[PDB]
Every structure is written in structure tokens, then in C-alpha cells.
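Q: sharing an experimental structure here, sequence included.
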Amino acid sequence: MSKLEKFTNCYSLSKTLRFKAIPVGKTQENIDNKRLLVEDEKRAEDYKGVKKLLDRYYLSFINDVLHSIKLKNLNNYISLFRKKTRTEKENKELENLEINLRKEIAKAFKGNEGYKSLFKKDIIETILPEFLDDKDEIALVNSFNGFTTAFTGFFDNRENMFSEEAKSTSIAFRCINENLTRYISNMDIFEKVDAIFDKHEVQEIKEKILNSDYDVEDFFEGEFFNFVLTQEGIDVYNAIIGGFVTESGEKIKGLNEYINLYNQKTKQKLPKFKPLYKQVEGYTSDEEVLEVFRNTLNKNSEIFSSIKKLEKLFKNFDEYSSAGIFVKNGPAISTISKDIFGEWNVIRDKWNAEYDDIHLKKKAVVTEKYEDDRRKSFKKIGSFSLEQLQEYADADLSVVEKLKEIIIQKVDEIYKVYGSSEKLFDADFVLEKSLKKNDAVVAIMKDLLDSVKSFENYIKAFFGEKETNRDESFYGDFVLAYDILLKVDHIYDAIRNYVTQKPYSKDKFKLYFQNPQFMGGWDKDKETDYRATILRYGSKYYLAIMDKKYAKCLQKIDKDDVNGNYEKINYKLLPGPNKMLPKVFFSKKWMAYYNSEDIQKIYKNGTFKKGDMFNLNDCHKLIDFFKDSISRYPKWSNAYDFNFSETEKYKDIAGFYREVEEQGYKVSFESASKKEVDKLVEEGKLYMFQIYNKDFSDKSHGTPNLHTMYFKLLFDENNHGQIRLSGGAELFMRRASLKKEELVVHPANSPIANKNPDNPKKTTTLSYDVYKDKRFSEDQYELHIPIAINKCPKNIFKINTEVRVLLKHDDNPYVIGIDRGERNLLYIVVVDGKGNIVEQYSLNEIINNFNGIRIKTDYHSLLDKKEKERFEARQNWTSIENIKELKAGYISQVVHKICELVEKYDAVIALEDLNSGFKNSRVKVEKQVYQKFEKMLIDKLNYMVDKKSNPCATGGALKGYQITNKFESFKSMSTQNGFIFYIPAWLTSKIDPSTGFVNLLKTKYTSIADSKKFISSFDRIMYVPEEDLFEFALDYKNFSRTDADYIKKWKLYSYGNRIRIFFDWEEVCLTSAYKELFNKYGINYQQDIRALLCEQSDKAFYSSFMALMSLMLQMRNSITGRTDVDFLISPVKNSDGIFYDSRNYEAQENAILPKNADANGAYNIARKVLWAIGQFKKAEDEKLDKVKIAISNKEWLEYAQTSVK
RNA sequence: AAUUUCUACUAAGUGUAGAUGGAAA
Ligand SMILES: [Mg+2]
Ligand SMILES: [Mg+2]
């Protein structure tokens, strides 16, 4: 019994099969002549109108009820706010009061004013019919009367407002947390500067025309937050704050405009006010897109005006609070420090040195826990004041002026891009081609939007995310510009969603066939309400839909031996036993059914539920009553063979309900007459589609598609309970999106060309036609049928624990490690329990295995061709989607080459944990693709099943494994999942496998003094001429930052040659390199010569020497221009003494050490997983559920150096 | 370049190999 063989039938799972429904016979002419489509197609197209109406009524309800709202807890909390609470267990009651407040204010919506006659059928039945004015506004709704469930997901998406889900999609969350901040802040700035706007010019002119009472004064004061919760009140507030129109050409100016003019003194520097928020692009026609672009991005657009305004703001950057202004800490810092100071990692280093000077004493060598806590303290830092950067700099470094410099440079680049694009902004310009094919009207669009969005992405940093005092005179105008510049994001993402849109179109609308309950269930008793059924004639399945008013025309039909009989499918599975059993047995129906009192007593107690320790009679009483009622309730026992188990096996009620649902699935067949249903069809009393995909057609011979297998297995005589038809299928239609004047086709007998070079046959000559995108050039009725794999599971138990358990008790574990690479998309090595490379290879060549003869199809050469294609495509918005699809079509053909190894070896998988990786900008599989892969691997491994195997055995369509829990979220991937271990990826490639050596030195030039310190740090530098190598001895106790290594001492060498970076490319041998660096500078070298070295003092030697020493510790030599020279080398001796040169292994069937540097990566990942298994084999069976797997650098190096001796 | 759909195809000729959870927003 292997490990996998136990994992089976673990927990529920739900998939959804899709199928094309071909209409057959004369049902097409039937649905046409009776016009059963256009009613629905219209029902779908105006459904957007009903959405508009529902939105409008919801907003009216919100408005009038928030005219009927008041708030109490604010008057104390606003004062608590400006108090400078500074935590100290006094803002926790702030959190409590604010959460409770957001609760109670949303208690109007969630609680009262109806809200129940809002989300049932009641809405379009009574309310929207009532609340209505236009004849067409009712022509839509009254038409939708009957199909009220078509808003189901729409209804649920409307719950998000009336709750307190702590997200901007809520009512109180927007109108409270995006309101209280701004309202209180504006009232505060009012109390500060309410003395500049005098009475007789602004106050009275805002007094009279607006409200005639509480004119302007009471507005900002205190509790008036209650009145800004409506829409007209908040709108008049937001007009006061910005300016009014007074319904004529007066244009009376607002308070903030008054303070804006008040810089005539040129020294007010008085910040600007801010209104409140409130909750609730083309892509349809070409010229519409072009118009949107030219109208919302031209020289008179608000986006460009805001760019100009923020540029003018940065014209005054220097004269602001050089210490109250903050950049937000995070990824931006990494490039801001690169551009200001010059080097990519300056600010990080400065703060690292500071926190070392503060929290670290003068101890000789740092430790890994201290470094980790320092990085955590760094991430914990909120932001970085510009003044901290002033001191973080060297002298004479104007951080503010450098910032102004780079930012004005960006903006002038924007201007230049505009100057290139004037031809497209000229209102007298016209388009010439189809925008999709056209490029000049897309290449220019991209050159423009890209620069603009890069500026928006670069300036976004200047927030500091929620702080103390800042230059509100700066941030005011800043945010006023930024909230407008943000829209370029949406405009960009709606132009790109069009220049990439496919030529066909998958717009579909759902059929109903004049039945609100269409195809809702598969039940022989309520078929008449559902009016949907399946047939079968051998190996071809059929769907049958009769009509509205003949619903019984599939009942009185018997086989008759006419040499042809359509079968049938019936005999529903049991619905909701846990809850439909109580309502089917406690439905008042005791009037003339039985005579007992104890059963009723323990139900009135509810003691047969939980809340009792244990009872051998209490719950068993309910159970025996149910089982004696099912034997006498003649509507079930007649159908189902109720064969229960014995009484001693029972221990709970959940097991009982599980057993019931197990005994509630008895699908079977009835017969029918072929000519009978045929005449039913011809008479237009039965519309009968075949269910079909490219497998059911006779001419198919190869292996079917997994979902074909699932469907076929839905009716096999082995599908005991595994794959059951979760009722509620639907039936869609989608029009022909291609015009028949556009179709393209390789004509008959024309010898076509074949794209994959490995395929030897270089042509092909079909004797018919190959219509490119045919399936979209015609109507196509497709239907969806859900299923539910393993509805009644047996082996209920946590998986993460039992994989650990089975690992401990196991003696020989296997481990599959996967890691990316620069010359391989994904490299696989699989190791034994002891550290042997059992198998290694690359996955650049997925080898399809069909009909015995295998054809290999590359996937890296393909990706390189598509990339070189992007390189010369002039706009690459559609040549950058093709690659993001090919990759995501290559991590769906490696899932099989992995769920092959897992079955073949009964192993675990080792995946890099992306949360802690730094991939070097040249790995072929970018992070966003790999992150998808891990999700597309958890999902397959969730129900791993082979297609070429026995549908009955283990590992087949009915008994596939479940060896990994349901995927939760991209970030919830940590440290284990079923048979997948999310292990980090530090020091995983630059490490020799034969020794465990690593290079922890800091081998770049800093200063001749530091150079001499590093040189003397060594132990012995003697050019031993017996092998003619330069042996270097070193103790990692000498150099700092070496808290990782464990051997801590090594005898380096100059063995062999290394490859430069220099971009040029230059092979060099290290021995002769040291020879020349000794002779050319004249140091007698046949001897330790460390002292002889430090005699030199020129920067023209040590600088050139430190780089050569870096060249000594490479271990990752490569061309960067050719895949065929990529070798890993180790300048440290093994037990023998010979070094590790991967070239020695490439010409070997199955080496013992990794062949390519990539393979080294997967090897070291698998070894981390092995260390995890080891740590599993030390604890106790009850303590395996706590063992940590986060193999820190120290422990990892300990393992990777002690396990090899 | 044929597909419930996606990807790579031509895979011995109306198709082959993998994968696929859809509807709503
Ligand atoms: Mg197939
Ligand atoms: Mg294709």
C-alpha cells in the first residue's frame, strides 16, 4: 500500500461541464416558426435597463432614508480625534465606538424601512411597478414579470452596500470613513482660518440664495455631519466648498476659491478645502473609442490640465515643509534611492547602518535573527520624510532639487510625446483603417498613455499613506491633481481591452423557453414544472424540451420492440437530506400517520442535537424514528432500495445524514419509441437537441477529453455515488460573431504547411476544407451541466497532518522539486529519501504521447520566436497578450507532466514560495505566470485523475486522489499544502551540491583601506605550483555577515576558468588572470603573500583585484546569448579533491550531481524538502501538527554541508 | 489550422495531445 493509495474520497468538490447542443430533425424550423428566440434575446438586451432602474430605485431609497438619519456618537469622537490620542489604550475605545457606529448607522438600511420587500420577487412585482412614471420604464419591468430570479447574483452584489463589510463598497464605509475625515478636517481648517473670508462679500452671497437658514455658519459646525448624508445636502455642501452657479450667469465663487485668491498677499500659504465622497472608454465602436481618447486626453482635457497643475506645483517644491512631506515606504523607495543618490540600494543601506548603530552593539558578527528583525523593523517603518533623506544623503546633495529635476524631466518627456501626437489630437483628423488592424492610431495612443501612466505611477509615492502634520498647502493641490490624474488608469485599461479584443465575440444570452423554472431540475415527478430530460441511443446522448403547453408528451411512450428504443434518464438523487428530512417528516402530517411522546419530548428539548455529552439512546431515538418513517413513507422506499447498516455502527447524526444522502441516489432508465419521439419532434411538440462535442462524433478515435469522460461516467453502472448530476443545468445561445464575408479557409487539396519543426512530415493535404474559426461563424446552442464530485465523502480528515504522518512512518520518501530557470522554463529533479538524483530533465520539450508514437513539441523555442515577434511589432498590446496566453497555455500542459510524476513515484512536490523571492529579470517564466501555475496546479492536484486508466480503479475517473486542500488565495500559500511544500528560495542556485559551499564575501571595491582589510582577512595566498593553482584559505569568522555558514572555513582555489559580464562577453582563465595581475604589477608570487600585497597602495591594483576575486566566486557562468554554454563551477575541493564542473556530467545518462545550473536549483529545493522530512522524523505523532518548515539560512546550510560529509 | 472553451497543433484525415467551474459583478 503506497502513500497515495490512502488519499481518496476526502471531501466534496464541484465542477461544471459545458456542451454544445446540436438541434436535430425539425426542431430548428420549429423554434424559428414559433419564434422562441427573439423574446429571450430581447429579454437579455434590455436587462441592462432593468439594472439601471434597480440602481435608481436603490439610490432613491438610500436618499430618502438618509434624509431620515441621525448620529449621536460623533460629537465625542470628533473631539477624541483631534485630541492627539497617540494610542496608549485610548484609541481602542475609538476603534470600538467607530465600528459600533458604522454598525448602527447601517442598521437603518439592513434593519428597517422595509428592506424585505426589496430583494425578493416583490421588487419587480410591486415596488418598481409602483415607483414608476414612464410607459417604457414599465414596458421593461412588467415584461420581466415571471422570471424574477434572473437578478440573483445581481441581488447579492447589492448586499455589499447595506452592510459594514469594512470595504469601500459599503454605504457607511464610504459615507463615514471617506466622510468623517474630510468633514472634520475642513471644519478644523475653518475654525483656524474662518477670519479671512469677511462677511460682506462671501458670507452673505452664500447666505441668501442657497438655503435661507443656517446659512453658512451652522454648516461646518459639529453635528451637521447628519445633513451631508443625503445627496442634495452634500451636493450643496460640495458646491459651497468649490463654487456656485445660482441657476444663471452669476457664477458666485466658493470658499476655497476665496482662499485661492487670498494668495495676493503671496504669504497666506493657506491650504485648500476638500469636499466629501459618496458611493453610487468606448469598447463598443471604433470612432467612439477614438472620440473618448481625444476628448479626455487633449490639450483642453482635465487630465492634461491636472498634469500642468501638478507640474506647476512642483515648480514650487523647494519652498514647502522639507520635513513634513513624506514618500510612502515600499517598492518606490528602491528606485527613488536609485535615481536621487545614484545607486539602486542607497537609502536601504543608510537606514540599515543606522538601525545597526542603534539596536546593535559592537558585536563582531551580525546574526540571522537580528537581520530578520531589522528587515521586519524596516518594513514596519511607515514612510520617509524628505528631511530624513536630507540627512541620509551626503553633503551638498539637494534632495528636493534633484526631485524637481527628475520630475520636470518626466513632464518634458510627456510634452515631447504630445508633440509627436498632435496629428491625432487635431479635431480635423480622421481615421483611415480599422482601429484594431491600424497601428499609427494605436502606437501613438500607447506612446502617450504609457508616459502619462508612468508619471502617475511615479508621483503616486508622495503620500506617506494618515500621519501627523504635513504641508496641507502642498498636499491640498497635490491631491486635487491626483484624484483627476487617476482616471488615466481606467482610460488605459479600457482602450487596451479593445485594441486586444478578439475578432469573434462570445456574447451569449441564456434561454428560458417560456418557463421561469426551465431545466431547474431532473426529477421524474416535477419534470412537468422543469420540462427538461435526457435520452440516449447507444453512445449518443440527447436533450429533449417539449413546449409550454404539452408538458406530458414524454410520458405515454413505451419501447414497443420497434427495433429502436430511445432510453431515458430519471430517478433523481436525494435533495438536502439534513434539512429536507425534518420538513418532510415534521410537516404537521402526524394527523393520521402515527398514534409516541418521548420522540416529541427530545425534539422539544432539542437534545438530539449537540449540547449533550453523549447518549446511546437520545440521538438514536430520532434516528430510529426517521428510519422507521422512511420504510413507511411510500414515496421513497418504493424508488430507493433503503438498505441501511446495523445499529452498533452509528455514533452521531451527521453520519446518519451522510448515510441518508448516500442512499438517495438511484438514477435509472425508462424506454421509449423512436418513431414516437420523432413524430413528437415533427409535430413541433418536442424540441430535441443532441449533446455533442468533438468527442461524440464517430470519426474521433483517440483519447477523449476529461470532461467527456466525466459525462459518460454520469450514467455508467459503476458510478455508485462519485459523480452525480447536481441539478440546475442551463442552456445558452451565442450568435454568429463573424460575418460570412470574413471567413478564411485553407482550400481543399492545397498542401498546407506545418508549424512545429520536430514533426518530420512537413506538409499536409486534407481532402476537404479547414474553416478557420468556423465554430464562431454560426449559431451554436451550448448548455452547461453542473456536477459534484464526491458529494458524500468517507475519509474525512485534515490532509496537512496526515501527509506529515505518512512521511514519518515512511522510510523511503520521494521528493519532486520544481524551479524556474534562465534557459529552461521549468526544470524537474526528483530525489530519493537520501539525496540521490533519481531523475532530472528540463521541460522546454513537452512530449505529447499519442497513439504510441511520441511527438515532441518545444515550448521555449516557441516562446523565443513569439518574443522576437513582439520585438518588432510597433505597439505590442496584442503581441503582449499572446505571450501571456501561451505561457498560461504551457502551465496547463506541464500540470500533466507533474501529475504523472506524482503518481509514478508517490512523492511530494517542492514549490518556490514567491512571497520571498528576487528573480533576476531574465528568468523566462515571470512571477505573475508562475503564481498562476501554482493555482493551476493546486486545482488539478485537487482531484488528480488519469484519463488512460481504468475508470473504476484508484487514480481513475471515479477514484481520483484529493491530495491538496481547496485553493484559498494567492497570499494564503505558505509552508505546506497537501503534497506541496511552499519552501523559500534563498541561496538555492549559487551553491555547490558536492560541498555545500557558498560565497558570502562582499567582493566589490569600496576603499584601498577596506581592500587591504579584506585581503588580510584571508589566511594564506600561495601560488602552489604542484597543480599550478592559487590556493586561498579563509575563515568566515574573519569577514562579517557570515552568520549563515557552518563549516566557516574553506580552502579556495583558482581551478579552471570563469565567464565575464563586462554588453560584451569575454572568456577568461583565472590562473593566468592572477599571473598577469601579479606580473603586470610586480609582486613575487611563488610564496602567503598577503603582506606583500598590501605594500601596494594604488587604486589601480586593488580595485582591479577585487573584481577579479569576484570573478573567482561566480559558480553561475553563462553566455547570456546562447543556451549551449551554461556551466556551474565550484572552486572548492570535494572529499576527493577534484572540483565540480557541470560540463563533466552533461555527457552522462544519469549523473549524481545536477547537470545544468537550473537543475541545481530544483536539486537544492528538493533538499530543503528533505530537511523538512527529517525534521518530521524527530517529533511525535501528536506534535507533527506544529513542526515548522521555514528552513532558515543557518539550518539550511547545516543540512547542505553535513549531509554530504 | 477544425475545439464546450484555451493552448500547442495536423496527430494518418470533418481531427490528435493536455487542461477546463460556470453564472453573476
Ligand atoms: Mg482527445
Ligand atoms: Mg490555436
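A: Arrived safely, thanks for sending. Numbering: from 1, shown residues only, chains lettered A, B, ... in the order given. Ligands and ions are numbered 1, 2, ... in the order given.
Q: RNA strand B contacts on the stretch 101-250 of chain A?
A: With Cβ under 7 Å from any atom of the strand as the criterion, the stretch 101-250 of chain A meets RNA strand B at residues A:152-154, A:156-157. The C-beta positions use only the backbone N, C-alpha and C, and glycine is treated the same way.
Q: top of the residues you listed by neighbour count?
A: Of all these, the most densely surrounded is residue A:154 (14 neighbours; neighbours counted as other Cβ atoms under 10 Å).
Q: now the element after the one helix or strand it maps to, going C-ward?
A: Secondary structure assignment for residue A:154, by DSSP states H and E: helix A:152-156. Later in the chain than helix A:152-156, the nearest helix or strand by DSSP H and E is helix A:171-177.
Q: for residue A:180, what are its contacts?
A: Residues in contact with residue A:180 (Cβ atoms under 8 Å, 6 or more residues apart in numbering) are A:74, A:77-78, A:225.
Q: apply 10 Å and report the result again.
A: A:71, A:74, A:77-78, A:81, A:98, A:101, A:225, A:276 (Cβ atoms under 10 Å, 6 or more residues apart in numbering).
Q: just residue A:518 next, same as before
A: A:147, A:510-512, A:529-532, A:545, A:729-731.
Q: in helices, which of these appear?
A: A:529-530 (DSSP state H).
Q: could the contacts of residue A:518 go into TSV alongside neighbour count?
A: TSV is the format used below for these (neighbours: other Cβ atoms under 10 Å):
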residue	neighbour count
A:147	19
A:510	15
A:511	25
A:512	20
A:529	15
A:530	20
A:531	22
A:532	24
A:545	23
A:729	23
A:730	16
A:731	21
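Q: so which of the contacts of residue A:518 are in strands?
A: A:510, A:545, A:730-731 (DSSP state E).
Q: and which of these is nearest residue A:860?
A: When those are ranked by distance to residue A:860 (Cβ to Cβ), residue A:730 comes first, at 41.1 Å.
Q: what's opposite the nearest residue to the closest one once chain neighbours are set aside in the beta bridge?
A: Closest residue to residue A:730 apart from its sequence neighbours, by Cβ to Cβ, 6 or more residues apart in numbering: residue A:784 at 5.3 Å. Beta-bridge pairing for residue A:784 (DSSP bridges): residue A:18, residue A:730.
Q: how many neighbours does residue A:784 have?
A: 15.
Q: for the residue lying closest to residue A:509 once chain neighbours are set aside, give me its contacts.
A: Leaving out its chain neighbours, the residue that sits closest to residue A:509 by Cβ to Cβ, 6+ apart is residue A:44, at 3.7 Å. Contacts for residue A:44 (Cβ under 10 Å, 6+ apart) come out as A:150, A:507-512, A:733.
Q: that older thread, just the contacts of residue A:180 now: which is nearest RNA strand B?
A: Using Cβ to the nearest atom of the strand, residue A:276 is the member of those that lies nearest RNA strand B, at 23.8 Å.
Q: give the helix, strand or coil label for the residue nearest to residue A:509.
A: When classified by DSSP: H, G, I helix; E, B strand; the rest coil, residue A:44 comes out as helix.
Q: what about residue A:1132, distance to residue A:1043?
A: The spacing between residue A:1132 and residue A:1043, counted by Cβ to Cβ, to the nearest Å, is 20 Å.
Q: and the closest residue to RNA strand B within the stretch 251-400 of chain A, what helix or strand is that in?
A: With Cβ to the nearest atom of the strand as the measure, residue A:280 is the residue of the stretch 251-400 of chain A nearest to RNA strand B, at 10.8 Å. Using DSSP H and E, residue A:280 sits within no helix or strand.
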